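**Q** Here it is: the structure, laid out below.
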Amino acid sequence: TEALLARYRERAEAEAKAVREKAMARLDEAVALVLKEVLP
Amino acid sequence: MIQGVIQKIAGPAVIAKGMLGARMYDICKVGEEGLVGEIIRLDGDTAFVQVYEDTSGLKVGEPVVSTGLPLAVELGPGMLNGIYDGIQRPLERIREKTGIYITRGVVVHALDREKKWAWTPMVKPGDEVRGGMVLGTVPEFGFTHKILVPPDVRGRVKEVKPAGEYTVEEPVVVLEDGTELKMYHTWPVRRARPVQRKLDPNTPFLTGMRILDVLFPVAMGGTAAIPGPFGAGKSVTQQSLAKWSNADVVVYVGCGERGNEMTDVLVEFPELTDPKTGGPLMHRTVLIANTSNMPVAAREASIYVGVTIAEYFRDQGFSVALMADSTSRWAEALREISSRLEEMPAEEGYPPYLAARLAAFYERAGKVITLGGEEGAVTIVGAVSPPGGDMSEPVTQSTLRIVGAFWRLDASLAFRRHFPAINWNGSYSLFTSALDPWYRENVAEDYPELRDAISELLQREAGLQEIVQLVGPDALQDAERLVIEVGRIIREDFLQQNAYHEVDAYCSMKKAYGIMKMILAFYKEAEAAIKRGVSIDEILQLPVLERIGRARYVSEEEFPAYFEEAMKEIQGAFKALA
Amino acid sequence: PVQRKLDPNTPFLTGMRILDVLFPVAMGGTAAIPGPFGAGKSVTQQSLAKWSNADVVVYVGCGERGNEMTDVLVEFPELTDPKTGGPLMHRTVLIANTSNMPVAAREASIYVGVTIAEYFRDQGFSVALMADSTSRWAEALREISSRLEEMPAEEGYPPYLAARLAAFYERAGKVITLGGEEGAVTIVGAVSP
Amino acid sequence: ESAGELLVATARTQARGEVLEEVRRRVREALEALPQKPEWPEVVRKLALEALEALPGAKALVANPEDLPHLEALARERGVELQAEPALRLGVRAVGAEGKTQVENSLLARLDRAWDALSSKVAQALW
Amino acid sequence: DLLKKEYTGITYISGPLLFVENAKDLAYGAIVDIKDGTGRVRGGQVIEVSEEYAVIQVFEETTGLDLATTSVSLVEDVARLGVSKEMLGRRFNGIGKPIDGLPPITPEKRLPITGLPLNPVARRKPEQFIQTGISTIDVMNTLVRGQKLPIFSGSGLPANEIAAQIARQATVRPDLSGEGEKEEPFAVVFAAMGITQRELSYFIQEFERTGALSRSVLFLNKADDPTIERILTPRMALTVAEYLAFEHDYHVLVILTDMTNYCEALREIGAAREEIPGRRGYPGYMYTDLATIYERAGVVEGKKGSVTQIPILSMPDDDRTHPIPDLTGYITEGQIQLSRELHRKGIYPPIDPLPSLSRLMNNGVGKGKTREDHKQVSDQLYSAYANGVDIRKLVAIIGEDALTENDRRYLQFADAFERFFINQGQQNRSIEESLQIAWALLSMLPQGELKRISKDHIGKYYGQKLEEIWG
Amino acid sequence: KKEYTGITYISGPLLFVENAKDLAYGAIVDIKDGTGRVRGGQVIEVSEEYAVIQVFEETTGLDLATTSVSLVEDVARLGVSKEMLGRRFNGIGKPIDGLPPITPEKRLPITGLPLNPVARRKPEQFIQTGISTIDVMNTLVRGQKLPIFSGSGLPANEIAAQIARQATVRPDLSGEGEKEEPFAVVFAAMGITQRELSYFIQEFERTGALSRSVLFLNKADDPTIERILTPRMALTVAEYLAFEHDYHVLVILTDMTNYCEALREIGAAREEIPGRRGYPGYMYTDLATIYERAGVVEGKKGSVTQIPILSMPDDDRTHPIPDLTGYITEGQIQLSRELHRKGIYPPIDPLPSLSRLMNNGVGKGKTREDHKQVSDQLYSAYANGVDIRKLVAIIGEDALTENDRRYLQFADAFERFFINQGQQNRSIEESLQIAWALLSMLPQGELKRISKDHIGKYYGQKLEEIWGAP
Amino acid sequence: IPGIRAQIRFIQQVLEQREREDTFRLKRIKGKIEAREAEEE
Ligand SMILES: Nc1ncnc2c1ncn2[C@@H]1O[C@H](COP(=O)(O)OP(=O)(O)OP(O)(O)=S)[C@@H](O)[C@H]1O
Ligand SMILES: Nc1ncnc2c1ncn2[C@@H]1O[C@H](COP(=O)(O)OP(=O)(O)O)[C@@H](O)[C@H]1O
Ligand SMILES: [Mg+2]
């Protein structure tokens, strides 16, 4: 029903926000790894 | 600028050397007379230029100057009533400046520089404007012509002129950073004008012909092709759509065809009236005329100018219809250019990119949401003139794969003087399903079923015609002969349409619906009479058949009374005759 | 090379009554067979490979569909040889080319197969060579001819198609080998109009 | 009753793409302003040497006007002329012997032509 | 300007082409004079000029030329022909040089033979109906003033006889249009390309007997004359026609004896230049080249005179799908197609109406121009004839005895139509005679089947009988 | 990044670059101009003096002075992943749905390697397309190439979308019950207009079919080289999915006529002499390299099934494209115009249709013991109905025999109910039940092709599933 | 049927001859382009 679809979209956006927040922490380490790998 | 000299002259092709740095598809002034040319091939220090005019009398060594810009059109107020050539030069100005003969090298602005337009601002200083937003409005012939920002111009409004009379050159709007916006802007003809998104073609395009608007409809954003051998009635059909369409603006492109038909349009259309606005019909029609005796290189320019003007008017929220009088002429011009270029053809002389050019031209149509936020749509009806009626010719076969509708003409009906001479078996349309809600809401709740029944009867008649050709028409049973007779009735008094008769020329959707309902009611009553043993030949003598035949000559205003009376007459005739 | 060609005076017994009786083919002769979809052409060829008096069978697939070739490749290892009772593949050589394999390989497949057949014949055996479809091979030959920009002749087929077909079909015939031992090659070249 | 798959996939993909685009922007803005770092002459020396090595014949090297006084050793070794262009910030333009062929080792080009291979490892290291 | 410069150093002479080097100052499309060692001077036109060498097409044959002595000299930058009113009773060859023995024409002007494209705004609507005297033309395929109405012919079909009859009989009907004035006779510009001796003699004798030679400009290109003059001939003839019509208010009727010969010459030039061909080997620009000839006819706003074109072309084997008739039909306004079957029946003129067409018919006929029923009668005749032809096709299967009386009636209409309406011989039928014959023919059918005619016209005209017109 | 300045010739799609020996043949290059706009290009001929680059897009604005060319990759490569499901692409691997670009697990050449003939195996299990005229009489087996022969006006796209959002496997019929077997649909659109593109997007998203679909949509106004590459990209993704993740992949190619025309134009551009009928002489081999990438592999549980869709140019099967497709593919499904104009959808004509692998995919343990017999009986009965319906036009209803009238009724009800399915999703059991109900109209015992046991088991039912109880 | 078959085969022969002529002319133009590119350099 409509309630199920609304719950699905709410939970999808919530877990997307969770993924974004959990990747924010490791962003800097990832950027440092990319920088050290690219530069010869 | 890039300046060179003429190295070799061969018909409409001039090779200029010393043109390093010149860009492909740029405009060049070939010769001392400054003939308009386009660079189509670069080879070292030399450039290959196709001259949009006549090269007779040119001498080797004359200067060639490259303007550094591609072919462009002036888009703005002042086009809605004039006739233009392939490179958008006003033919009235050419006649005034040269006489009854079109002479090469005449330079004249596409938009009149003396006409004053009642400018009316629609923006305020400090406002942020994007491409396609409305800077203001100007009345042209009752059309609220909107002044638009060029699609790739961004900035903030600084100063806007007050309401008054100004020419197209007047910078009515001056943005910050010194950007001046005039009443008109130039656009390259080969770049499709950007849009926000494409919409689904929900509404139909009312051509005013019973067969085209009923059996094979074309939607508002759709594309149609009408191929046929010479004499079938392609151009008369194009003129009929121009006269009786429901499109706000009509762009007629006479690519490489007769000049007499262009004269006929220029003379008849001012007298005819706009079915919706009520004013003269000529006030909504833009003609790009490239007669067959004009230079071949101008045909591609004519097609592109027409479609670009159609796109520009679509950007103003109008509903534009674009009828190309011939695309096979464009293909032949491309073939001549390729022959000059010494290239290997793909099929029957045409260069390999002809299919890509046709696809790009036909894909410019469609209903879109403009960058200004409003709604606009362009419908393209492309006429095809195959050599000898050969529908396997590469132009027709490439058109078959990109059009949403296909109106095939056959020489058999043209010889019989049965017009519009549409080959029902060879025609199709892909918009029937998408237009059903509109037909239900605007015609009747059962219009799709009625049209499907008519198509089924025509299909049955076509299937039985095979046996008719084998055993004759009288060797069939009563039911099959009745089907044949009903198909004949349909063909003779529903699909037929006299494009010159004052009343039969236009036929609204409801009149065609009434005629279809009358014909199908007659079919059901005749089938009931046959099933009970009444002779078919007795049925064929009913004067109500003559009433059905005459139904198409009744005027729109007084049609519904005739429809009700004829339905009552059908019921009474087949109840009395059982 | 061979020592001497012999007259078609002995029968190639296929084990099927209609072909062996009404329309016989000599040991070393050439036959053709057009194969419709459901007409059991594959079953007929299997019976030729299984029951004929030929010692060694060579099967050549020029441009067969992948699944049609796969059926053959899966089913031959299962068929049994009546002469010995073991698998039939122990006297069969398969040359298989699908339509997506290189065109030159598809064109040279029949020559490779017939050369292998002639080599087996030179050992004194009787060989039945079965081209699975000569129309696919002719299509490959037409493709190669077009790639070489030769005159299309009739229906695009190169003007030397008849010459190549004659050269392929003349390799069949009962011969006396260079070693003085009798052998034969029989060709059943299927056509698909 | 099956749109949940599309919804969750779109949400996860949007989060992943936004995170990776932020990685792009942060690494791009960090790699900028290299001459402000005192170790820039060494890395641009490496850039110039690899650029001239890629070309069998070098005519001239074009770089930032302020970066010219840091590339004289290889210029004297190879005879290439130093040319000043403000547009070539943080990069060395290598010109072939004839001038038809030319190599650029701009840092943005480095990142653009490396990210396609890097992304597979970057995603696994990040998540 | 008038000083002579000679370009020697020819490097190639094959077929009609000729290459000359160090001629970079020869304008494109210029006319040159080729002088050989014997002193004879040929003609030539530049078709491709570059800084290396220029290509010149030779009007005459190349026999006797030699690379060591031949000399090429410029005449003028643009091919121009001297035109004047004095040439009304003159003959000329394919290149405008007089062949009647009279002194050369004193040119009032020198106009470019290539012409200029008429401005569509300056064109008028062709509305003046012309009563040709032929029923199949006057009624069903009406020819108006300023129209392009080619006659599609065959090998043995008498197209030249039909054209001569039209030129002898064609006139306007001032009273029917309400003008009520006397009208000057037509001036006939006769262009002949590859014309044989029989055809030329017949035309000369016909124009002598009718007395039109005193007002007819003739450009004659014999069949044995060089085939490159056929390229220039129609352009010169149409230039003279345009000059007369639009500078002296003459009404010019132009007859192009054979466009198939012109197409053959164009194909020869294209193949010599290795131009990319269209269908059947004809050059790609054949459509444009024929358009530049046909589109020179019409009427001009504010000008009294007009140019009416009646091209004659022979379809190779009666193949209407051939490139020549196809392109002509695409360019011109309809066609008058002759039928071989009708000719075999002895029906002259053998004009079968079904493939015939006149696009400007509606502008010339109707109420206040010829008669109110003209268009409706034409449509009814076309429909009934097509039904009769279909019924003939049905007879060819089921026999005449199996038909109903309706199909028998339509078949009788069809064969009486062919025997009376089309077949008129050498008589000059007025439009009223043609219309009354058409109504008499339609009277054979039941009155209720005239579904394409309004009841007013039916009541006013239905009822007449064929035997009543002539006994 | 190497940049190859020194363009010396530009004409149409071609441009010549000098001193560019380092460019590998077939490589993709990036053409840049004065404005900074970058175009696409493919190296079609490389030599010591110069290389020939064929430009994807239009060459307007290019010039010999400022044009620059740079290589991007030596061989045409596509980055594939399992996350491609639920995405849309422009036929060259670039997302067009607005979602961020995928993270490629691996990058594979689009010109996939041929399957080893001994590596394949027999197609054995069928695919349920939800269409009665396809499931029952023209069964599609996993690994088959079953083209759909359409016409100019026939609704091929609607049938394609219906099959795409209705196709499914039936593990319960085989007794496996393996719902663990994934299913994916790879859709390749070539030379489609905006209307067809919008229709496909809406149809794929309205029923959630996008969750198991990968869309390679190439517009009609896109460069033709992209049209050529689109089936290669789609088949590469399908092969990767099927043979690296055990997926059962169904591939739909629309429309192969547009692909052949693009191949024709590109071959003509490279100054190649056309073969038969003006098409390239190597058209057969190229179409084979496309089609023969479908099938099943011994030892692997994946499968690729192809449904090419091509429009006959004049409903003519003698045209080179349908001729070669019939040469390469196993059978065909032919759409009928007379059925379509009678209001029947899907307009599939059983008489000219054929499935060459049908006999191996139906029967005991696959669909049902009576499938093949029912299909044969339906074919024969429909042929009899059609010929009797043609005869009744001349001889009348009464003159026919009673069984002829029964065949008339059978043919009419067949066209009304079996073929005229509409927008339903019919499992094979439902279609078989409808077929048995239709055959029940014919007298028992006249059904010669079906054995008496199956007749006793199923004959007798009446028509209520389509009308009266949907 | 025999007459229609003869007509069909005659039309097929004519079309094939036209296609052969087109291919021959294409070969001629390709060869002449190659030759004129070679000697002119
Ligand atoms: N000699 C035969 N005796 C009995 N059944 C046969 C025989 N030949 C063929 N069949 C039947 O035919 C079917 C298998 O052969 P087919 O599939 O028709 O061969 P095929 O498909 O024509 O092979 P191709 O054309 O090379 S793909 C089975 O139903 C067999 O029972
Ligand atoms: N709908 C129509 N109704 C009546 N006459 C028509 C109709 N269409 C065409 N005709 C007739 O056919 C002639 C040829 O039509 P036209 O359109 O000029 O040729 P084409 O097919 O090349 O466009 C017209 O001049 C007119 O007499
Ligand atoms: Mg027209």
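Ligands are numbered from 1 in the order shown, residues from 1 within each chain, and chains are lettered A, B, ... in the order they appear in the structure tokens.
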How would you write, as a list in words, the set of residues no farther than 7 Å from ligand 3 when counting only C-alpha atoms and all ligand atoms?
**A**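 Those residues are residues 234, 235, 257, 325 and 326 of chain B.
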**Q** Taking only C-alpha atoms into account, which residues of chain B are within 7 Å of chain F, as a ChimeraX atom specification?
**A** /B:20-25,40-44,344-347,352-353,356,359-360,363,400,402,428-430,452,455-456,459,475-477,480
**Q** For the selection you just gave me, I'd like the residues written to a file as a compact mmCIF listing (two decimals), in the first residue's frame, keeping N, CA, C and O atoms.
**A**
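Heads up, here's the output in selection.txt:
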# COMPACT_ATOMS: atom_id res chain seq x y z
N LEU B 20 44.37 28.43 -44.17
CA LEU B 20 44.71 27.72 -42.95
C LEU B 20 44.13 28.44 -41.74
O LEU B 20 44.18 29.67 -41.66
N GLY B 21 43.58 27.67 -40.80
CA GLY B 21 42.89 28.23 -39.66
C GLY B 21 41.39 28.36 -39.84
O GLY B 21 40.69 28.64 -38.85
N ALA B 22 40.89 28.19 -41.05
CA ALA B 22 39.45 28.24 -41.28
C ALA B 22 38.78 26.98 -40.75
O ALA B 22 39.33 25.88 -40.82
N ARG B 23 37.58 27.15 -40.21
CA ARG B 23 36.86 26.07 -39.54
C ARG B 23 35.81 25.46 -40.46
O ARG B 23 35.29 26.11 -41.38
N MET B 24 35.51 24.19 -40.21
CA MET B 24 34.54 23.47 -41.01
C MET B 24 33.15 24.08 -40.88
O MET B 24 32.76 24.56 -39.81
N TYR B 25 32.40 24.07 -41.99
CA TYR B 25 31.04 24.59 -42.04
C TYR B 25 30.97 26.04 -41.58
O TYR B 25 30.07 26.44 -40.83
N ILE B 40 33.15 22.86 -46.59
CA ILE B 40 32.70 21.49 -46.35
C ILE B 40 33.85 20.50 -46.25
O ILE B 40 33.63 19.36 -45.84
N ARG B 41 35.06 20.90 -46.62
CA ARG B 41 36.21 20.00 -46.54
C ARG B 41 37.47 20.83 -46.43
O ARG B 41 37.64 21.80 -47.18
N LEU B 42 38.35 20.45 -45.51
CA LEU B 42 39.64 21.10 -45.33
C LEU B 42 40.74 20.14 -45.74
O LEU B 42 40.75 18.98 -45.30
N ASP B 43 41.66 20.61 -46.58
CA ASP B 43 42.75 19.78 -47.06
C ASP B 43 43.99 20.67 -47.16
O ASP B 43 44.14 21.41 -48.13
N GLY B 44 44.86 20.58 -46.15
CA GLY B 44 46.06 21.39 -46.11
C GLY B 44 45.75 22.87 -46.13
O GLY B 44 44.84 23.33 -45.43
N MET B 344 32.89 8.27 -52.25
CA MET B 344 32.21 7.03 -52.59
C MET B 344 30.81 7.02 -51.98
O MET B 344 30.68 7.12 -50.76
N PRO B 345 29.77 6.90 -52.79
CA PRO B 345 28.40 6.93 -52.25
C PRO B 345 28.09 5.67 -51.45
O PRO B 345 28.76 4.64 -51.54
N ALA B 346 27.04 5.78 -50.64
CA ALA B 346 26.56 4.66 -49.83
C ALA B 346 25.52 3.84 -50.59
O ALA B 346 25.56 2.60 -50.57
N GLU B 347 24.60 4.51 -51.27
CA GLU B 347 23.56 3.82 -52.02
C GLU B 347 22.95 4.80 -53.01
O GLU B 347 22.46 5.86 -52.60
N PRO B 352 27.07 8.68 -47.35
CA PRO B 352 26.66 7.85 -46.20
C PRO B 352 25.98 8.62 -45.09
O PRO B 352 25.18 8.04 -44.34
N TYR B 353 26.27 9.91 -44.94
CA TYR B 353 25.71 10.69 -43.84
C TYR B 353 24.30 11.19 -44.12
O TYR B 353 23.76 11.93 -43.29
N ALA B 356 21.96 10.02 -41.44
CA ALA B 356 22.18 10.76 -40.20
C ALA B 356 21.58 12.16 -40.28
O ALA B 356 21.00 12.65 -39.31
N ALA B 359 17.82 11.80 -39.96
CA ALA B 359 17.47 11.49 -38.58
C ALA B 359 17.58 12.72 -37.69
O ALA B 359 16.70 12.97 -36.86
N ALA B 360 18.65 13.50 -37.85
CA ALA B 360 18.82 14.69 -37.03
C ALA B 360 17.74 15.71 -37.32
O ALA B 360 17.23 16.37 -36.39
N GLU B 363 14.47 14.41 -35.75
CA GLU B 363 14.47 14.35 -34.29
C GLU B 363 14.32 15.72 -33.64
O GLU B 363 14.12 15.78 -32.43
N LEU B 400 11.23 5.77 -43.22
CA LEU B 400 10.30 4.82 -42.62
C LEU B 400 10.68 4.46 -41.18
O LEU B 400 9.82 4.04 -40.40
N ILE B 402 12.11 6.44 -38.76
CA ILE B 402 12.21 7.53 -37.79
C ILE B 402 10.93 8.34 -37.66
O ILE B 402 10.84 9.19 -36.78
N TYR B 428 0.38 3.78 -42.16
CA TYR B 428 0.28 3.39 -40.76
C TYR B 428 0.45 4.63 -39.90
O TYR B 428 0.86 5.69 -40.37
N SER B 429 0.14 4.47 -38.61
CA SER B 429 0.38 5.52 -37.63
C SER B 429 0.62 4.88 -36.28
O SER B 429 -0.03 3.90 -35.93
N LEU B 430 1.56 5.44 -35.53
CA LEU B 430 1.95 4.91 -34.23
C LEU B 430 1.42 5.74 -33.08
O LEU B 430 1.83 5.54 -31.93
N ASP B 452 -11.77 1.68 -34.77
CA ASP B 452 -11.28 0.32 -34.90
C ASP B 452 -12.24 -0.53 -35.72
O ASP B 452 -11.80 -1.37 -36.52
N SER B 455 -11.64 0.43 -39.34
CA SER B 455 -10.40 -0.18 -39.82
C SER B 455 -10.57 -1.67 -40.05
O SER B 455 -10.01 -2.23 -41.00
N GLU B 456 -11.32 -2.35 -39.17
CA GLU B 456 -11.57 -3.77 -39.35
C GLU B 456 -12.38 -4.04 -40.61
O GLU B 456 -12.12 -5.00 -41.33
N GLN B 459 -10.05 -3.67 -43.49
CA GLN B 459 -9.17 -4.84 -43.57
C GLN B 459 -9.89 -6.04 -44.16
O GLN B 459 -9.32 -6.77 -44.98
N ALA B 475 -19.50 -13.36 -57.48
CA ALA B 475 -19.37 -14.74 -57.06
C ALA B 475 -19.31 -14.89 -55.54
O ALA B 475 -19.31 -16.02 -55.05
N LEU B 476 -19.26 -13.79 -54.80
CA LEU B 476 -19.24 -13.86 -53.35
C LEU B 476 -20.64 -14.05 -52.79
O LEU B 476 -21.65 -13.87 -53.48
N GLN B 477 -20.70 -14.41 -51.52
CA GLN B 477 -21.97 -14.53 -50.82
C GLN B 477 -22.52 -13.14 -50.50
O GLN B 477 -21.88 -12.12 -50.73
N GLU B 480 -20.39 -11.19 -47.81
CA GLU B 480 -19.11 -10.70 -48.31
C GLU B 480 -19.30 -9.59 -49.33
O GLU B 480 -18.54 -8.61 -49.34
**Q** Given a cut-off of 7 Å, which residues of chain B touch chain E, counting only C-alpha atoms, written out as a ChimeraX atom specification?
**A** /B:7-10,56-60,91-92,95,100-103,230-231,258-259,262-264,292-294,335-336,339,348-349,387-388,415-417,472
**Q** Produce a file of the selected residues containing N, CA and C atoms, as a CSV table (one decimal), in the first residue's frame.
**A**
chain,number,residue,atom,x,y,z
B,7,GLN,N,41.3,28.8,-56.2
B,7,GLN,CA,42.2,27.9,-56.9
B,7,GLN,C,41.6,27.1,-58.0
B,8,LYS,N,40.4,26.6,-57.8
B,8,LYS,CA,39.7,25.8,-58.9
B,8,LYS,C,38.2,26.1,-58.8
B,9,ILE,N,37.5,26.2,-59.9
B,9,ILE,CA,36.1,26.4,-60.0
B,9,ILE,C,35.5,25.2,-60.8
B,10,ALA,N,34.5,24.6,-60.2
B,10,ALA,CA,33.8,23.5,-60.9
B,10,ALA,C,32.3,23.5,-60.5
B,56,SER,N,28.9,31.2,-62.2
B,56,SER,CA,29.2,31.6,-63.6
B,56,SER,C,29.9,32.9,-63.7
B,57,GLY,N,31.0,33.0,-64.4
B,57,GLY,CA,31.8,34.2,-64.6
B,57,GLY,C,32.9,34.4,-63.6
B,58,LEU,N,33.0,33.5,-62.6
B,58,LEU,CA,34.1,33.6,-61.6
B,58,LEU,C,35.5,33.3,-62.2
B,59,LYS,N,36.5,34.0,-61.9
B,59,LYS,CA,37.8,33.9,-62.4
B,59,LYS,C,38.7,33.3,-61.3
B,60,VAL,N,39.7,32.5,-61.7
B,60,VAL,CA,40.6,31.9,-60.7
B,60,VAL,C,41.6,33.0,-60.2
B,91,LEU,N,12.6,37.9,-50.0
B,91,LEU,CA,12.4,38.0,-51.4
B,91,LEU,C,11.7,39.2,-51.9
B,92,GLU,N,10.9,39.9,-51.0
B,92,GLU,CA,10.4,41.2,-51.4
B,92,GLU,C,11.5,42.2,-51.5
B,95,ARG,N,13.2,41.5,-54.8
B,95,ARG,CA,12.5,42.0,-55.9
B,95,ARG,C,12.6,43.5,-56.0
B,100,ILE,N,12.4,41.5,-61.4
B,100,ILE,CA,11.8,40.2,-61.5
B,100,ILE,C,12.7,39.0,-61.5
B,101,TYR,N,14.0,39.2,-61.6
B,101,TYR,CA,15.0,38.2,-61.6
B,101,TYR,C,15.9,38.3,-60.3
B,102,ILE,N,16.1,37.1,-59.7
B,102,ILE,CA,17.0,37.0,-58.5
B,102,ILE,C,18.4,37.0,-59.0
B,103,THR,N,19.2,38.0,-58.6
B,103,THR,CA,20.6,38.1,-59.0
B,103,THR,C,21.5,37.7,-57.8
B,230,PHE,N,5.1,11.5,-58.6
B,230,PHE,CA,4.6,12.8,-59.0
B,230,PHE,C,3.2,12.8,-59.5
B,231,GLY,N,2.4,13.8,-59.1
B,231,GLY,CA,1.0,13.8,-59.5
B,231,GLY,C,0.1,13.2,-58.5
B,258,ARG,N,8.6,23.5,-57.4
B,258,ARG,CA,8.1,24.5,-58.4
B,258,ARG,C,7.9,25.9,-57.7
B,259,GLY,N,8.2,26.9,-58.6
B,259,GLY,CA,7.9,28.3,-58.1
B,259,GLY,C,6.5,28.7,-58.2
B,262,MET,N,4.8,28.1,-54.9
B,262,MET,CA,5.1,29.2,-54.0
B,262,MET,C,4.3,30.5,-54.3
B,263,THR,N,4.2,30.8,-55.6
B,263,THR,CA,3.3,31.9,-56.0
B,263,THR,C,1.9,31.7,-55.5
B,264,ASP,N,1.4,30.5,-55.7
B,264,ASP,CA,0.0,30.2,-55.3
B,264,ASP,C,-0.2,30.4,-53.9
B,292,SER,N,13.3,25.1,-57.6
B,292,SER,CA,14.1,24.1,-58.2
B,292,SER,C,15.2,24.7,-59.1
B,293,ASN,N,15.0,25.8,-59.7
B,293,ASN,CA,15.9,26.5,-60.6
B,293,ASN,C,16.9,27.4,-59.8
B,294,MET,N,16.8,27.4,-58.5
B,294,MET,CA,17.8,28.1,-57.6
B,294,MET,C,18.9,27.2,-57.3
B,335,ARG,N,23.8,14.8,-52.9
B,335,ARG,CA,24.5,13.9,-53.9
B,335,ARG,C,25.3,14.7,-54.8
B,336,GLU,N,24.8,15.9,-55.3
B,336,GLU,CA,25.6,16.7,-56.2
B,336,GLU,C,26.9,17.2,-55.5
B,339,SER,N,29.3,14.4,-55.3
B,339,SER,CA,29.9,14.2,-56.6
B,339,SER,C,31.0,15.2,-56.9
B,348,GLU,N,23.0,4.5,-54.3
B,348,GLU,CA,22.3,5.2,-55.3
B,348,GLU,C,22.8,6.7,-55.4
B,349,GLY,N,24.1,6.9,-55.1
B,349,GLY,CA,24.7,8.2,-55.2
B,349,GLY,C,24.7,9.0,-54.0
B,387,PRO,N,12.3,8.5,-57.0
B,387,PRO,CA,12.5,8.4,-58.4
B,387,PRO,C,11.6,7.2,-59.0
B,388,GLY,N,10.5,7.6,-59.7
B,388,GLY,CA,9.6,6.7,-60.3
B,388,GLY,C,8.6,6.0,-59.3
B,415,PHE,N,-4.7,8.3,-60.4
B,415,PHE,CA,-5.2,8.2,-61.8
B,415,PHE,C,-6.7,8.2,-61.8
B,416,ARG,N,-7.3,7.6,-60.8
B,416,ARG,CA,-8.8,7.5,-60.7
B,416,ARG,C,-9.4,8.8,-60.2
B,417,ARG,N,-8.5,9.8,-60.0
B,417,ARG,CA,-9.0,11.1,-59.4
B,417,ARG,C,-9.6,11.0,-58.1
B,472,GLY,N,-14.4,-12.7,-59.4
B,472,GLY,CA,-15.3,-11.6,-59.7
B,472,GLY,C,-16.0,-11.2,-58.4
**Q** What is the distance between atom CA of residue B:300 and atom CA of residue B:343, in Å to one decimal?
**A** 18.3 Å
**Q** So which residues of stretch 32-255 of chain F fall under strand (DSSP E or B) by DSSP, listed as a ChimeraX atom specification?
**A** /F:32,38-46,50-55,63,68-73,77-80,87-89,95,106-109,120,126-128,140-141,145,148-150,168,183-192,213-219,248-254
**Q** Where in stretch 6-63 of chain D does DSSP assign helix (DSSP H, G or I), given as an MDAnalysis selection string?
**A** chainID D and resid 6:31 34:36 40:54
**Q** What residues have any atom no more than 7 Å from ligand 1 when counting only C-alpha atoms and all ligand atoms, and can you list them as a count of residues only?
**A** 11
**Q** Show which residues sit within 12 Å of stretch 24-39 of chain A, as a ChimeraX atom specification. Count only C-alpha atoms, and ignore same-chain residues fewer than 4 positions away.
**A** /A:17-20 /D:15-16,18-32,34,40,42-44,46-47,105-127
